[PDB]
Each structure stands twice: as C-alpha cells, then as structure tokens.
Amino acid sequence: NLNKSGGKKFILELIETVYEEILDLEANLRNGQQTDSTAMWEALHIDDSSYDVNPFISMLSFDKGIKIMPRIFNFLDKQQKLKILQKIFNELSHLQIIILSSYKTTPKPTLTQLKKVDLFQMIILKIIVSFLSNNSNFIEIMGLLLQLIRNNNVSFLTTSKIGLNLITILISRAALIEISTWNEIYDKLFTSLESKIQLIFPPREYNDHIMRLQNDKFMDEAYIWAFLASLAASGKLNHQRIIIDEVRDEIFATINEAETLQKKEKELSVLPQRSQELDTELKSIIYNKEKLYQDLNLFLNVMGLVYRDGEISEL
C-alpha cells in the first residue's frame, strides 16, 4: 500500500524532488562543473526506516520513479548503489511491480500493468546486471542472496516474472565467482523452493489472458527455463533429482507443444499453393518450434541431457 509509505501525494512530491536534483547534477556535469550528489542521495530516503514500506520502494511503483533510476546510478558510488540493491532485495515482497507481475496476487493484469512490468524489467534489471558484473565481490553477492531469502517468502517471488529474473541474475553471478559458502547459501535458497518449484509456471488461464492482451500466439516461458538452468547448474545431483521430479509434467507439456508445432509445420509445408500469408504462418511455426527446443535444451544440457527427435536422451 502507498499509505504504508506516506501516501500518493508525498511519494509523487519525492519523485519531483529526485528529478530536480538529477537535473541539477546533469546540468553541472554538462557545464563541466563540480558535482555533489548528497542532496540527491538524501532525497531518495534509502536509510529512512520511518515507514512500514520504505519511500524509495514506493517511488518504484511509478513509471517516473523507474525511468530516473539509470540516471541516479550515474551519480552514485559503489556502497550507495549496493545500499539500493540491499533495500530492493530486503523489501522485494512490498514492491508493487512484484505484486503486479505475480499470477497469484494479480491473476488478470491489465495491458497498462503489463507495460509497467516490461518497463521495470528493461530498466531496473539492466542496472542490477551491469553493477554485479563489474562492482561486486563474493561477500556482496552472497549478502544480496541472504537479504532475499531472509526477508521474503521466496516461493511467492518465483510466481512473479520480475522476482524470478532477479533470482536468476543473483544465481548466475554467484556461479561465475569459496565453493563452500555458496553451496550453503544455494541450499538455504533451495529449502525455500523445495516442493514449490512447479509454482514458477503460471496457470493456463493466466497465460491465455496475457496472450490475448499482447497478441502473442505463444506464451514466452524462456525466463522460466533460464531460471531452472541456473538453479540446476549450481546444484549437486540431489538438487537436480528434485528439480527434474518437480518439473517433469512441465517438461512433457513443452514437448507436446513442440510436437503439435512440428505436425502443423508438416501439414502446411506440403501445400502446393503458398501465398505470402502462408509463408508468414510457416516461418512463425518453425520459429516457435525451435524456440521451445532451445529453451528446454538450455535447462536439459546443464544436467547432461538433450531433447532431440522427439525424445530426451543423454548428451
């Protein structure tokens, strides 16, 4: 709730103040003058724990708040940027974008709501990716994972596209970086997901609703298989056994979709007369068939398995 942070008028006032401070920093920098980001940092209210929901977290409920984030990062140092990431991960369940992108809390999102989710995904996740790829050590990445696991219902976060993608980024970065602390932290994360891994795949009624609003012929689930690939890759054999068991029905459902597309391709390609529209139809079927093969193989190959010629076998 917006009232748990000071209300709509207070947060909108904070955003306007943030913009004023960024415009001043940008003007000073452009004119080749000295810059002091103290006023801008203070206008963000990150160290402010006066409210049930931090004012920075509520600012992220608005497009204006989201859109200024890369520009904010141009004027901050490493520890300030890390404090922002720590705040985001600490209050991730209170983030409106998580509630909007979760099929559990928002089973029927409007087109406007879907656009907000795509915006947060494009801007915020690109910032997190760049920062962790360049300015983060083992302790700091481990710290962010612990912030996520200790302050949130991790299973609820996985019902959200943003939540799932944020976890994939942390896991993938941790995997690139001893073995020991990461094995322990991966296991704590695995505990919060165990018996609930199937819940990362949204219901069919949810997919239908999104597909109808976006004019999608197929639901894009590449991010789910990317998460499963990163979870499997950092896991021991026992973790992999559990993952495969929990998503077995989803593996077979994807194979069925790919096989239905292969049949459609065969039926349409044998037609003698082929207009530009039928060629568009065939190219669309082949693209979506190969997409399902590739997304599933991203997950399978990691465990030394492969889906080829209608069967899963050893790689």
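One rule holds for the numbers: they count along the sequence shown, beginning at 1.
Gap check for residue 125 to residue 126: zero deposited residues are absent from the model. Annotation for 130 to 138 versus 239 to 247: the higher mean temperature factor (C-alpha) is found in 130 to 138.
Note on 56 to 64 vs 34 to 42: mean CA B-factor is higher in 34 to 42. Residue-level inspection of the entry shows that, of 228, 197, 185, 177, 177 has the top Cα B-factor. Residue set 192, 215, 158, 101: peak C-alpha B-factor at 215 (per PDB entry).
For residue 258, the recorded CA B-factor ranks within the lowest third of the chain. Only modelled residues enter the ranking. Ranked against the other modelled residues of its chain, the C-alpha B-factor of residue 274 as given in the entry falls in the highest third. Among all modelled residues in its chain, residue 112 ranks in the middle third by Cα B-factor.
In the deposited entry, the Cα temperature factor of residue 288 places it in the lowest third of its chain's modelled residues. Annotation for residue 77: C-alpha temperature factor in the highest third relative to the rest of the modelled chain, per the entry.
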